[PDB]
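Quick heads-up: it's one chain on its own, the form deposited without the DNA, in structure tokens.
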């Protein structure tokens, strides 16, 4: 689920940032109410992603790491092709849940393509001028 993925992504980031994740911090991070959070935490607990402060299971840590990687990759991709920095976060937040792993992997190869030769970025920039 897209929303469930947003939660796991955020929880993982808080644990890496503060060392733990409070219901209050999750609520403010997703701009939602603490009641909503608690309801999701129960489902995640039952699905074995975390125990409940709240601790992630090996399963939750694996998925969390993957989601943060996916988010970071997509921001890097949009940045490389020249998207206005101010529009990147909201676009990534919207598309990240609707891309298959096959698409993410191919975008990964695309980012690598442009990173291995700066002349390629200049050629892309040229077309943007025209």
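Numbering follows the first chain given and starts at 1.
Going from residue 52 to residue 53, you skip over 4 to 9 residues of the deposited sequence that the entry leaves unmodelled. Comparing the deposited coordinates for 4-12 and 120-128, the stretch with the larger average C-alpha B-factor is 120-128. In this entry, the higher average B-factor at the C-alpha atoms falls on 31-39, of the pair 90-98 and 31-39. Of the candidates 47, 75, 84, 105, it is 47 whose Cα B-factor is highest according to the PDB record.
Although it is not shown, the form deposited with the DNA bound is what the next lines describe.
By the criterion of a heavy atom within 4.5 Å, residue 14 is excluded from the residues contacting the DNA in the entry with it bound. Using a 4.5 angstroms threshold between heavy atoms, residue 39 counts as touching the DNA in the entry with it bound. Interface membership of residue 23, defined by any non-hydrogen atom within 4.5 Å of the DNA in the entry with it bound, is confirmed. Although the partner is absent here, residue 58 sits far enough away that none of its heavy atoms falls within 4.5 Å of the DNA in the entry with it bound. Heavy atoms within 4.5 Å of the DNA in the entry with it bound map, among the stretches 94-102, 65-73, 79-87, 30-38, onto 30-38 alone.
Although the DNA is not shown here, in the entry with it bound the stretch 48-77 places heavy atoms of just one residue, 52, within 4.5 Å of it.
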